[PDB]
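S.K.: The following block contains the structure, expressed as structure tokens.
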Amino acid sequence: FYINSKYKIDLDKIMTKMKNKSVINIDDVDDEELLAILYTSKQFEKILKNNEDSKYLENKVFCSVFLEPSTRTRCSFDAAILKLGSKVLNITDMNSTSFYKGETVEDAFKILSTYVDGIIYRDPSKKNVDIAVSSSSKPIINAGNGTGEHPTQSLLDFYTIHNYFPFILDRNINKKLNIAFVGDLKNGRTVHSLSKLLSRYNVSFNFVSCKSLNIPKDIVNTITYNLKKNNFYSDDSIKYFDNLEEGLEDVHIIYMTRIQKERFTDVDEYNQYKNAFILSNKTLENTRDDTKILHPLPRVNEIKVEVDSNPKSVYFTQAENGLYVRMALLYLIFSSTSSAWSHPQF
Amino acid sequence: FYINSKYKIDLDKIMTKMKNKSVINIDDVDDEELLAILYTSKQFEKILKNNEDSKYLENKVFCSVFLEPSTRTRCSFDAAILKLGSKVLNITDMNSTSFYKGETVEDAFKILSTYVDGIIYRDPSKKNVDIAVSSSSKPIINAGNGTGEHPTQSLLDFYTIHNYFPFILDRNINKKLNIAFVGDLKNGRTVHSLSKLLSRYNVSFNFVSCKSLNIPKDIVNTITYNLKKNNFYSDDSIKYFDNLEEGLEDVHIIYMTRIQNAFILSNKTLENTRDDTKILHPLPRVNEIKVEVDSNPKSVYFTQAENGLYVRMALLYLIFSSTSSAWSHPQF
Amino acid sequence: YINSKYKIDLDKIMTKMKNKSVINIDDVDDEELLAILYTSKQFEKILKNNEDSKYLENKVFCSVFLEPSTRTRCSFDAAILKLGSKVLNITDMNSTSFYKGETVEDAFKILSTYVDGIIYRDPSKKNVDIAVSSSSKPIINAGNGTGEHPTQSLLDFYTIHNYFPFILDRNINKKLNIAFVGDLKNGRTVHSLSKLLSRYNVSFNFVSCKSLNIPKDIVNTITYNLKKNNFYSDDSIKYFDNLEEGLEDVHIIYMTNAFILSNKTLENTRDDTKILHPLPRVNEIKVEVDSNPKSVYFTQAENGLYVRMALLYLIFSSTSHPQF
Ligand SMILES: NOCc1ccccc1
Ligand SMILES: NOCc1ccccc1
Ligand code: NA
């Protein structure tokens with residue numbers, strides 16, 4: 001098993017290590033584990049695109065508990081479980097208070113973990129996902145919470161980037177990836193998580209935003225500390241812009257965020273913050289030829305429909321890659337054992 | 001090898017043609033495809049009634065999107081997928097506005113169609129099912145929308161009729177089927193769709209309604225056009241009544257509708273019907289059919305609803321199968 | 001097929017339970033109870049040893065839950081899926097929004113044509129029985145307003161039998177004493193389990209504040225069942241208003257302020273006593289008790305998986321049985 005032909009993956013070793021691991025935070029995934037996730041994700045991508053048998057994890061029964069609507073993420077996880085050949089029981093159309101009708105989170109997860117092999121949990125509360133992990137006799141995969149931990153989104157973001165720029169994994173002082181993060185960097189927690197993961201590599205960051213909505217100082221400190229630890233930190237590691245023409249120059253990746261109207265004082269202030277960072281074929285003319293455009297979605301008015309036709313757009317491939325990354329992570333964690341012959345390989 | 005009474009079906013040829021077909025409208029189903037659906041539905045009926053293995057389509061993962069409550073239709077489709085041996089993820093509980101949350105229907109179906117083999121979609125909006133079809137990389141089956149397109153309801157209605165009156169398939173000038181449609185023919189879109197399908201055959205229509213709720217003119221025009229194509233149109237092809245006594249006389253089929261006093265069916269109103277007449281109702285019923293009729297052997301509305309399982313299994317099998325053998329098809 | 005000493009003709013008992021609806025614990029007789037306990041135990045050992053649990057694939061069920069009861073519904077879903085079968089779910093509705101004008105008889109006549117069996121939870125008394133009349137397929141009652149909840153009684157009994165397997169012997173010398181604590185008027189889980197336990201050599205302490213005592217007709221049923229097997233005495237049924245007296249010399253404490261259980265209130269219980277609670281709990285049992293080896297309420301909830309798998313297996317199987 002090789003990825004990029006450079007890095008050998010002992011999937012047998014790495015699975016023994018990941019068996020029954022809970023994944024709450026992207027920091028719960030180390031270098032070896034990231035390689036295993038990326039290799040295994042790529043096998044599921046090729047197997048599914050070639051219409052082959054995807055049933056690499058068959059006899060498992062999961063519970064998916066989504067205590068806020070997040071239909072795209074929930075469907076992606078359901079699809080991953082079912083495509084692997086396993087089964088799932090769903091709790092949706094509930095919130096925290098109506099699901100825990102008086103009962104403690106500890107009691108609920110202690111009991112529910114006796115019924116199933118694994119739990120997928122989405123809850124806007126941060127307190128609750130951690131209480132669930134303490135109480136559960138079974139592995140939990142966080143599908144998103146209030147603190148902005150959403151490891152599967154970070155992992156699929158990274159998988160998408162590595163497919164176009166596989167050199168991010170090399171940690172080569174000569175092969176540096178430049179990414180612009182555009183829009184609401186205060187509230188776009190998907191930026192916070194992916195920045196933490198990218199800062200483990202030779203990466204330079206453009207933060208493109210307007211005053212009130214800049215990247216928070218704690219994320220810059222984390223980026224800085226991770227770049228210093230691998231000797232990739234310089235005066236040029238982190239640049240700040242308030243406009244696209246400067247921000248989008250000489251970047252391999254443009255990652256747009258959701259700009260929600262609820263985040264401004266009125267609709268005036270919101271329509272002037274869209275319009276400024278709205279992406280068009282015009283704003284993309286003086287980007288690199290190899291630039292790829294990501295967006296965690298849903299896209300509303302941040303990227304004009306005309307860009308969908310532009311070969312630099314990959315936000316829909318990004319969403320799709322979520323299926324392959326969620327299948328990979330479930331396979332590595334919930335497999336009973338491994339043997340050589342049993343792993344996915346196309 | 002594949003015969004429907006005495007018409008031979010090249011299920012292999014017909015499936016090559018239906019593979020990854022979307023089915024939005026009963027007009028998306030042609031003669032050969034209708035035969036394949038009827039043959040295949042009948043196999044699933046016999047297989048399930050004899051408790052044999054029904055798993056003719058394993059390895060598929062579907063998404064079912066119901067953006068209005070239609071629990072009977074949703075459960076029917078779920079049951080069909082699961083009985084075929086495939087798996088499904090469900091989006092229910094919701095309406096158009098709460099599901100799209102101001103994301104476009106095109107983006108939502110572009111993404112969702114990357115996750116699954118096929119989508120079952122019910123939405124009161126007519127715009128939405130068509131946008132979904134243009135955006136989806138995967139086949140869509142319309143389970144009902146606002147324009148009254150509901151192809152699986154037409155198909156199961158037709159399957160039910162063909163089981164009692166298999167001569168409707170012959171297009172023989174001497175073997176004419178007479179159907180009375182009773183109740184709200186203006187708003188009963190199930191009548192509109194089935195009329196379109198029935199008018200492809202040697203069929204005569206009684207439209208039994210009050211003035212305000214008659215069959216609409218464009219449906220009469222479509223019936224007339226379809227009857228003329230096969231030279232089955234006459235001055236006697238389409239009669240209009242406002243009362244059951246006259247309406248229900250010499251009709252092989254009585255198809256009742258929800259009338260949301262005059263058009264209530266009872267064992268009394270059934271005395272001057274043919275011996276062989278069968279009674280359909282798309283369901284749910286309120287007062288249109290008195291509970292006493294359930295005991296009358298002419299009632300088949302519950303067998304009708306049951307046949308929905310076998311027709312939805314057939315249609316999923318014919319569209320989503322990725323076999324390459326005649327030997328692999330259902331053949332009990 | 002033995003439970004250490006009773007031989008089970010699982011073949012004969014399944015021929016009898018095939019396509020049986022289970023509404024009320026009285027729908028389960030002695031032989032059927034043995035089959036459910038034997039089969040439950042096989043699924044317990046199979047799952048704890050991570051072996052293949054797929055003893056019933058090829059079935060498709062419908063689960064209809066017309067009140068929120070996420071614990072019970074998930075337990076049933078888990079049981080169906082672990083067995084290898086499939087389920088279609090109708091939830092997050094109530095009786096009025098699900099029927100929307102349509103009769104219960106029409107809805108179950110139709111829905112029973114789609115599936116091999118139905119799991120039905122409805123706070124209505126009348127509806128589960130109408131569903132049973134109308135359905136062409138077996139119904140398992142997952143709980144209704146009349147307080148019928150057979151699977152809870154069965155898993156309660158399974159839990160007790162695991163610690164005190166002598167309840168099955170009907171030996172005049174091997175008597176089980178159970179204290180029922182809290183709201184015995186409204187705690188219908190007490191009503192059902194009392195009816196089942198009274199079929200055996202069992203003595204009952206009813207621990208309650210006056211306003212919430214065990215109802216007279218349940219004491220009459222207990223008395224009738226004890227008399228039929230010649231286990232009735234002046235000591236068969238005691239009443240207390242306090243834990244000190246109630247919890248003395250009882251093998252089982254079943255919970256549902258004076259009646260808050262703590263490590264303190266458990267000091268002068270027998271060494272072998274086990275503590276049940278159908279759950280969810282609020283204050284009735286302090287978190288400190290969870291550490292006390294007498295607590296089994298979480299093992300109890302767990303056993304619901306194995307009992308619901310057993311019951312579905314014995315009813316829906318078309319017979320190779322689970323063993324070891
Ligand atoms: N209103 O829903 C009634 C129903 C649901 C499912 C199947 C049959 C009937
Ligand atoms: N309050 O939710 C408690 C619960 C426990 C186990 C399974 C589902 C729900
Ligand atoms: Na499901």
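Order determines the names: the first chain of the structure tokens is A, the second B, and so forth; residues in each chain are numbered 1 upward, and ligands are numbered 1 upward as they are shown.
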Segment 76-139 of chain A: which residues are strand (DSSP E or B) by DSSP, as a list in words?

M.R.: residues 87, 88, 89, 90, 91, 118, 119, 120, 121, 122 and 123 of chain A

S.K.: Export N, CA and C atoms of the chosen residues as a PDB file, in the first residue's frame?

M.R.:
```pdb
ATOM      1  N   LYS A  87     -25.589  -1.095   8.643  1.00  0.00           N
ATOM      2  CA  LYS A  87     -26.972  -0.599   8.829  1.00  0.00           C
ATOM      3  C   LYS A  87     -26.956   0.541   9.834  1.00  0.00           C
ATOM      4  N   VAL A  88     -27.944   1.408   9.777  1.00  0.00           N
ATOM      5  CA  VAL A  88     -28.006   2.555  10.710  1.00  0.00           C
ATOM      6  C   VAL A  88     -29.446   2.799  11.161  1.00  0.00           C
ATOM      7  N   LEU A  89     -29.558   3.176  12.432  1.00  0.00           N
ATOM      8  CA  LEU A  89     -30.808   3.712  13.012  1.00  0.00           C
ATOM      9  C   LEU A  89     -30.563   5.187  13.288  1.00  0.00           C
ATOM     10  N   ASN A  90     -31.546   5.996  12.904  1.00  0.00           N
ATOM     11  CA  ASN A  90     -31.452   7.474  12.794  1.00  0.00           C
ATOM     12  C   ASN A  90     -32.297   8.126  13.876  1.00  0.00           C
ATOM     13  N   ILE A  91     -31.740   9.137  14.535  1.00  0.00           N
ATOM     14  CA  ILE A  91     -32.485  10.119  15.350  1.00  0.00           C
ATOM     15  C   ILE A  91     -32.217  11.474  14.696  1.00  0.00           C
ATOM     16  N   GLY A 118     -21.352   1.741  17.079  1.00  0.00           N
ATOM     17  CA  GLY A 118     -20.772   3.085  16.901  1.00  0.00           C
ATOM     18  C   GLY A 118     -21.839   4.152  16.814  1.00  0.00           C
ATOM     19  N   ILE A 119     -21.524   5.390  17.174  1.00  0.00           N
ATOM     20  CA  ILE A 119     -22.506   6.491  17.104  1.00  0.00           C
ATOM     21  C   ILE A 119     -21.914   7.639  16.314  1.00  0.00           C
ATOM     22  N   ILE A 120     -22.689   8.142  15.351  1.00  0.00           N
ATOM     23  CA  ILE A 120     -22.451   9.444  14.682  1.00  0.00           C
ATOM     24  C   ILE A 120     -23.301  10.506  15.412  1.00  0.00           C
ATOM     25  N   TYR A 121     -22.674  11.556  15.930  1.00  0.00           N
ATOM     26  CA  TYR A 121     -23.316  12.557  16.811  1.00  0.00           C
ATOM     27  C   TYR A 121     -23.007  13.954  16.279  1.00  0.00           C
ATOM     28  N   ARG A 122     -24.090  14.661  15.996  1.00  0.00           N
ATOM     29  CA  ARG A 122     -24.114  16.109  15.702  1.00  0.00           C
ATOM     30  C   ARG A 122     -24.988  16.812  16.739  1.00  0.00           C
ATOM     31  N   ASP A 123     -24.423  17.780  17.459  1.00  0.00           N
ATOM     32  CA  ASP A 123     -25.129  18.588  18.487  1.00  0.00           C
ATOM     33  C   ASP A 123     -24.480  19.963  18.552  1.00  0.00           C
TER      34      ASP A 123
END
```

S.K.: Using only C-alpha atoms and all ligand atoms, I'd like a table of the residues in chain C that come within 10 Å of ligand 3; for each, show the closest atom pair and its distance in Å rounded to one decimal, ordered by chain and ascending number, as JSON lines.

M.R.:
```
{"residue": "C:77", "atom": "CA", "partner": "ligand 3", "partner_atom_place_in_ligand_line": "1 (Na)", "distance": 8.9}
{"residue": "C:81", "atom": "CA", "partner": "ligand 3", "partner_atom_place_in_ligand_line": "1 (Na)", "distance": 9.4}
{"residue": "C:86", "atom": "CA", "partner": "ligand 3", "partner_atom_place_in_ligand_line": "1 (Na)", "distance": 7.4}
{"residue": "C:87", "atom": "CA", "partner": "ligand 3", "partner_atom_place_in_ligand_line": "1 (Na)", "distance": 6.0}
{"residue": "C:88", "atom": "CA", "partner": "ligand 3", "partner_atom_place_in_ligand_line": "1 (Na)", "distance": 5.8}
{"residue": "C:89", "atom": "CA", "partner": "ligand 3", "partner_atom_place_in_ligand_line": "1 (Na)", "distance": 6.9}
```

S.K.: Pick out the chain A residues within 7 Å of chain B. Count only C-alpha atoms. Give them as a VMD selection string.

M.R.: chain A and resid 75 to 76 78 to 79 82 to 83 93 298 to 300 316 319 to 320 323

S.K.: What would the file look like if the residues just selected were written as a PDB file, in the first residue's frame with C-alpha atoms?

M.R.:
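again20.pdb, written as the output of this step:
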```
ATOM      1  CA  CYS A  75     -27.098  11.923   4.391  1.00  0.00           C
ATOM      2  CA  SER A  76     -23.354  11.690   3.636  1.00  0.00           C
ATOM      3  CA  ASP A  78     -25.895   7.429   6.147  1.00  0.00           C
ATOM      4  CA  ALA A  79     -24.750   6.879   2.557  1.00  0.00           C
ATOM      5  CA  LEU A  82     -25.026   1.841   3.752  1.00  0.00           C
ATOM      6  CA  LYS A  83     -22.511   1.767   0.845  1.00  0.00           C
ATOM      7  CA  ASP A  93     -36.011  16.179  13.592  1.00  0.00           C
ATOM      8  CA  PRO A 298     -24.170  25.494   0.950  1.00  0.00           C
ATOM      9  CA  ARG A 299     -23.144  28.216  -1.514  1.00  0.00           C
ATOM     10  CA  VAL A 300     -25.728  31.061  -1.641  1.00  0.00           C
ATOM     11  CA  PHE A 316     -19.099  19.907  -5.790  1.00  0.00           C
ATOM     12  CA  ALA A 319     -18.884  17.557  -1.237  1.00  0.00           C
ATOM     13  CA  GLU A 320     -18.747  14.272  -3.166  1.00  0.00           C
ATOM     14  CA  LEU A 323     -18.668  10.108   0.936  1.00  0.00           C
TER      15      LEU A 323
END
```

S.K.: Please report, as a ChimeraX atom specification, each residue of segment 89-311 of chain C to which DSSP assigns alpha helix (DSSP H) when run on this structure's backbone.

M.R.: /C:95-99,104-114,125-134,150-163,188-197,216-228,243-246,297-311

S.K.: I'd like the neighbourhood of residue 151 of chain B as a VMD selection string, where a residue qualifies if any of its atoms comes within 10 Å (using only C-alpha atoms), though same-chain residues fewer than 4 positions away should be ignored.

M.R.: chain B and resid 23 to 29 141 to 144 155 to 157 190 193 to 194 197

S.K.: So that I have them on file, write out the residues from the current selection with N, CA, C and O atoms, as a PDB file, in the first residue's frame.

M.R.:
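This went into result.pdb:
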```
ATOM      1  N   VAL B  23     -38.400   8.465 -14.316  1.00  0.00           N
ATOM      2  CA  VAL B  23     -39.860   8.313 -14.562  1.00  0.00           C
ATOM      3  C   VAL B  23     -40.573   9.404 -13.770  1.00  0.00           C
ATOM      4  O   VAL B  23     -40.622   9.285 -12.519  1.00  0.00           O
ATOM      5  N   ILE B  24     -41.006  10.440 -14.488  1.00  0.00           N
ATOM      6  CA  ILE B  24     -41.622  11.658 -13.902  1.00  0.00           C
ATOM      7  C   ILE B  24     -43.125  11.653 -14.157  1.00  0.00           C
ATOM      8  O   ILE B  24     -43.872  12.093 -13.270  1.00  0.00           O
ATOM      9  N   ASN B  25     -43.513  11.169 -15.330  1.00  0.00           N
ATOM     10  CA  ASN B  25     -44.849  11.297 -15.964  1.00  0.00           C
ATOM     11  C   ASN B  25     -45.225   9.906 -16.485  1.00  0.00           C
ATOM     12  O   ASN B  25     -44.293   9.220 -16.977  1.00  0.00           O
ATOM     13  N   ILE B  26     -46.497   9.496 -16.446  1.00  0.00           N
ATOM     14  CA  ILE B  26     -46.868   8.211 -17.115  1.00  0.00           C
ATOM     15  C   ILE B  26     -46.491   8.190 -18.626  1.00  0.00           C
ATOM     16  O   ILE B  26     -46.225   7.080 -19.166  1.00  0.00           O
ATOM     17  N   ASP B  27     -46.411   9.336 -19.315  1.00  0.00           N
ATOM     18  CA  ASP B  27     -45.994   9.358 -20.744  1.00  0.00           C
ATOM     19  C   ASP B  27     -44.496   9.009 -20.874  1.00  0.00           C
ATOM     20  O   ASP B  27     -44.057   8.782 -21.985  1.00  0.00           O
ATOM     21  N   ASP B  28     -43.728   8.885 -19.792  1.00  0.00           N
ATOM     22  CA  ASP B  28     -42.302   8.457 -19.896  1.00  0.00           C
ATOM     23  C   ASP B  28     -42.220   6.944 -20.052  1.00  0.00           C
ATOM     24  O   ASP B  28     -41.106   6.421 -20.186  1.00  0.00           O
ATOM     25  N   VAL B  29     -43.363   6.273 -19.972  1.00  0.00           N
ATOM     26  CA  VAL B  29     -43.453   4.790 -20.043  1.00  0.00           C
ATOM     27  C   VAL B  29     -44.184   4.476 -21.344  1.00  0.00           C
ATOM     28  O   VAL B  29     -45.345   4.917 -21.492  1.00  0.00           O
ATOM     29  N   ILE B 141     -37.294   8.945  -9.575  1.00  0.00           N
ATOM     30  CA  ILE B 141     -38.695   8.480  -9.650  1.00  0.00           C
ATOM     31  C   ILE B 141     -39.570   9.467  -8.901  1.00  0.00           C
ATOM     32  O   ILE B 141     -39.383   9.687  -7.720  1.00  0.00           O
ATOM     33  N   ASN B 142     -40.449  10.113  -9.644  1.00  0.00           N
ATOM     34  CA  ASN B 142     -41.468  11.028  -9.091  1.00  0.00           C
ATOM     35  C   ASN B 142     -42.480  10.172  -8.339  1.00  0.00           C
ATOM     36  O   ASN B 142     -43.008   9.248  -8.960  1.00  0.00           O
ATOM     37  N   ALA B 143     -42.660  10.455  -7.058  1.00  0.00           N
ATOM     38  CA  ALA B 143     -43.623   9.790  -6.179  1.00  0.00           C
ATOM     39  C   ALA B 143     -44.827  10.712  -5.962  1.00  0.00           C
ATOM     40  O   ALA B 143     -45.687  10.367  -5.117  1.00  0.00           O
ATOM     41  N   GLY B 144     -44.910  11.808  -6.715  1.00  0.00           N
ATOM     42  CA  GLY B 144     -46.064  12.723  -6.706  1.00  0.00           C
ATOM     43  C   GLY B 144     -45.643  14.175  -6.640  1.00  0.00           C
ATOM     44  O   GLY B 144     -44.774  14.483  -5.839  1.00  0.00           O
ATOM     45  N   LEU B 155     -49.551   3.443 -12.783  1.00  0.00           N
ATOM     46  CA  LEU B 155     -49.034   2.096 -13.138  1.00  0.00           C
ATOM     47  C   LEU B 155     -49.708   1.028 -12.261  1.00  0.00           C
ATOM     48  O   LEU B 155     -49.968  -0.062 -12.788  1.00  0.00           O
ATOM     49  N   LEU B 156     -49.941   1.305 -10.973  1.00  0.00           N
ATOM     50  CA  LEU B 156     -50.486   0.286 -10.046  1.00  0.00           C
ATOM     51  C   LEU B 156     -51.993   0.202 -10.292  1.00  0.00           C
ATOM     52  O   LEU B 156     -52.510  -0.940 -10.287  1.00  0.00           O
ATOM     53  N   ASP B 157     -52.640   1.350 -10.554  1.00  0.00           N
ATOM     54  CA  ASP B 157     -54.049   1.401 -11.010  1.00  0.00           C
ATOM     55  C   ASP B 157     -54.208   0.483 -12.236  1.00  0.00           C
ATOM     56  O   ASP B 157     -55.140  -0.402 -12.246  1.00  0.00           O
ATOM     57  N   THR B 190     -55.376  11.773 -10.125  1.00  0.00           N
ATOM     58  CA  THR B 190     -55.156  10.327 -10.293  1.00  0.00           C
ATOM     59  C   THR B 190     -56.024   9.848 -11.467  1.00  0.00           C
ATOM     60  O   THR B 190     -55.679   8.902 -12.189  1.00  0.00           O
ATOM     61  N   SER B 193     -54.223  11.203 -14.872  1.00  0.00           N
ATOM     62  CA  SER B 193     -53.059  10.376 -15.249  1.00  0.00           C
ATOM     63  C   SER B 193     -53.556   9.045 -15.811  1.00  0.00           C
ATOM     64  O   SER B 193     -53.066   8.621 -16.852  1.00  0.00           O
ATOM     65  N   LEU B 194     -54.471   8.372 -15.109  1.00  0.00           N
ATOM     66  CA  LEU B 194     -54.892   6.995 -15.477  1.00  0.00           C
ATOM     67  C   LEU B 194     -55.655   7.033 -16.818  1.00  0.00           C
ATOM     68  O   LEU B 194     -55.455   6.136 -17.650  1.00  0.00           O
ATOM     69  N   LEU B 197     -53.325   6.998 -19.636  1.00  0.00           N
ATOM     70  CA  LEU B 197     -52.763   5.646 -19.844  1.00  0.00           C
ATOM     71  C   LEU B 197     -53.826   4.743 -20.462  1.00  0.00           C
ATOM     72  O   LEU B 197     -53.497   4.025 -21.442  1.00  0.00           O
TER      73      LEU B 197
END
```

S.K.: As a ChimeraX atom specification, please: every protein or nucleic acid residue near ligand 2 (cut-off 10 Å, counting only C-alpha atoms and all ligand atoms).

M.R.: /A:63,65,91,96-116 /C:68-75,78,279-280,301-302

S.K.: Quick one: write out the picked residues with C-alpha atoms as a PDB file, in the first residue's frame?

M.R.:
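The resulting selection.pdb:
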```pdb
ATOM      1  CA  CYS A  63     -26.831   5.055  15.475  1.00  0.00           C
ATOM      2  CA  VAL A  65     -28.041  11.239  16.345  1.00  0.00           C
ATOM      3  CA  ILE A  91     -32.485  10.119  15.350  1.00  0.00           C
ATOM      4  CA  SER A  96     -31.000  18.733  22.521  1.00  0.00           C
ATOM      5  CA  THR A  97     -33.941  19.442  24.944  1.00  0.00           C
ATOM      6  CA  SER A  98     -36.632  17.253  23.130  1.00  0.00           C
ATOM      7  CA  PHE A  99     -34.151  14.292  22.763  1.00  0.00           C
ATOM      8  CA  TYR A 100     -32.988  14.416  26.486  1.00  0.00           C
ATOM      9  CA  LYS A 101     -36.592  14.940  27.844  1.00  0.00           C
ATOM     10  CA  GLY A 102     -35.274  15.394  31.446  1.00  0.00           C
ATOM     11  CA  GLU A 103     -32.761  12.444  31.164  1.00  0.00           C
ATOM     12  CA  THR A 104     -28.961  13.128  31.594  1.00  0.00           C
ATOM     13  CA  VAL A 105     -26.684  12.908  28.504  1.00  0.00           C
ATOM     14  CA  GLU A 106     -24.614  10.365  30.544  1.00  0.00           C
ATOM     15  CA  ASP A 107     -27.594   7.953  31.008  1.00  0.00           C
ATOM     16  CA  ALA A 108     -28.714   8.367  27.375  1.00  0.00           C
ATOM     17  CA  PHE A 109     -25.287   7.503  25.841  1.00  0.00           C
ATOM     18  CA  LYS A 110     -24.540   4.786  28.416  1.00  0.00           C
ATOM     19  CA  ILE A 111     -27.721   2.953  27.290  1.00  0.00           C
ATOM     20  CA  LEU A 112     -27.675   3.740  23.536  1.00  0.00           C
ATOM     21  CA  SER A 113     -24.019   2.490  23.301  1.00  0.00           C
ATOM     22  CA  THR A 114     -25.208  -0.998  24.465  1.00  0.00           C
ATOM     23  CA  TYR A 115     -27.480  -1.229  21.309  1.00  0.00           C
ATOM     24  CA  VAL A 116     -24.957  -0.350  18.530  1.00  0.00           C
TER      25      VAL A 116
ATOM     26  CA  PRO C  68     -41.699   9.956  21.348  1.00  0.00           C
ATOM     27  CA  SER C  69     -40.134   6.831  22.932  1.00  0.00           C
ATOM     28  CA  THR C  70     -36.652   7.038  21.362  1.00  0.00           C
ATOM     29  CA  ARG C  71     -35.090   4.513  23.883  1.00  0.00           C
ATOM     30  CA  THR C  72     -37.728   1.829  23.009  1.00  0.00           C
ATOM     31  CA  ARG C  73     -37.811   2.533  19.272  1.00  0.00           C
ATOM     32  CA  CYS C  74     -33.939   2.470  18.978  1.00  0.00           C
ATOM     33  CA  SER C  75     -33.869  -0.819  20.973  1.00  0.00           C
ATOM     34  CA  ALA C  78     -31.180  -2.226  16.814  1.00  0.00           C
ATOM     35  CA  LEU C 279     -35.499   4.116  33.119  1.00  0.00           C
ATOM     36  CA  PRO C 280     -35.248   6.959  32.547  1.00  0.00           C
ATOM     37  CA  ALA C 301     -31.765  -1.783  29.515  1.00  0.00           C
ATOM     38  CA  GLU C 302     -29.020  -3.649  27.610  1.00  0.00           C
TER      39      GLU C 302
END
```

S.K.: If we count only C-alpha atoms, what is near residue 152 of chain A at a cut-off of 12 Å, once residues fewer than 3 positions away on the same chain are taken out, given as a ChimeraX atom specification?

M.R.: /A:23-29,34,37-38,41,73-74,76-77,120-122,141-145,148-149,155-159,190,193-194,197,296,318-319,321-330

S.K.: Would you pick out the contacts of residue 262 of chain B at 10 Å or less, using only C-alpha atoms, so that residues sharing its chain but fewer than 4 positions from it are not included, and give the list as JSON, numbers by chain?

M.R.: {"B": [183, 209, 210, 242, 243, 244, 288]}

S.K.: Output N, CA and C atoms for every residue in that selection, as a compact mmCIF listing (two decimals), in the first residue's frame.

M.R.:
```txt
# COMPACT_ATOMS: atom_id res chain seq x y z
N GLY B 183 -66.56 11.17 -8.79
CA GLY B 183 -66.39 12.07 -7.64
C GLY B 183 -65.86 13.41 -8.07
N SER B 209 -69.92 13.07 -12.05
CA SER B 209 -69.57 14.24 -11.21
C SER B 209 -70.73 15.25 -11.16
N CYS B 210 -70.72 16.08 -10.13
CA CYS B 210 -71.53 17.32 -9.99
C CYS B 210 -70.95 18.33 -11.00
N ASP B 242 -74.33 12.76 -13.87
CA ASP B 242 -74.36 13.49 -12.58
C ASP B 242 -75.00 12.59 -11.50
N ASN B 243 -75.11 11.28 -11.77
CA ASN B 243 -75.79 10.33 -10.85
C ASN B 243 -75.26 8.92 -11.11
N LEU B 244 -75.29 8.10 -10.05
CA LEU B 244 -74.65 6.76 -10.02
C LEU B 244 -75.48 5.74 -10.79
N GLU B 288 -66.87 8.22 0.80
CA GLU B 288 -67.13 7.84 -0.62
C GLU B 288 -67.49 6.35 -0.75
```

S.K.: Can you tell me which residues come within 10 Å of ligand 1 when counting only C-alpha atoms and all ligand atoms, ideally as a compact mmCIF listing (two decimals) with C-alpha atoms, in the first residue's frame?

M.R.:
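Writing the result to part.txt gives the following:
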```
# COMPACT_ATOMS: atom_id res chain seq x y z
CA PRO B 69 -46.32 14.13 4.32
CA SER B 70 -47.42 11.17 2.12
CA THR B 71 -46.73 8.34 4.58
CA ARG B 72 -48.57 5.57 2.63
CA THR B 73 -46.58 6.30 -0.62
CA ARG B 74 -43.25 6.78 1.20
CA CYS B 75 -43.67 3.48 3.18
CA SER B 76 -44.59 1.67 -0.05
CA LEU B 283 -57.10 5.87 -1.00
CA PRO B 284 -57.41 7.23 1.54
CA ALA B 305 -52.84 -0.41 -2.60
CA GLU B 306 -51.08 -3.78 -1.99
CA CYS C 62 -42.44 -1.28 9.91
CA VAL C 64 -44.82 2.96 14.03
CA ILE C 90 -42.83 6.15 11.05
CA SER C 95 -52.01 9.60 16.56
CA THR C 96 -54.04 12.58 15.11
CA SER C 97 -51.32 13.81 12.58
CA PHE C 98 -50.54 10.19 11.40
CA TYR C 99 -54.22 9.13 10.79
CA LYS C 100 -55.22 12.62 9.40
CA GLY C 101 -58.89 11.60 8.90
CA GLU C 102 -58.12 7.98 7.72
CA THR C 103 -59.35 5.12 10.02
CA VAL C 104 -56.85 2.98 12.00
CA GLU C 105 -58.44 -0.11 10.35
CA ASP C 106 -57.76 1.20 6.77
CA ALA C 107 -54.20 2.30 7.71
CA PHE C 108 -53.21 -1.12 9.20
CA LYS C 109 -55.06 -3.11 6.52
CA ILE C 110 -52.86 -1.31 3.92
CA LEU C 111 -49.56 -1.07 5.83
CA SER C 112 -49.67 -4.83 6.68
CA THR C 113 -49.57 -5.59 2.89
CA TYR C 114 -46.09 -3.81 2.67
```

S.K.: Give me the residues within 10 Å of residue 330 of chain B as an MDAnalysis selection string, counting only C-alpha atoms and dropping any in the same chain fewer than 2 places off.

M.R.: chainID B and resid 2 39:44 46:47 53:56 314 317 326:328 332
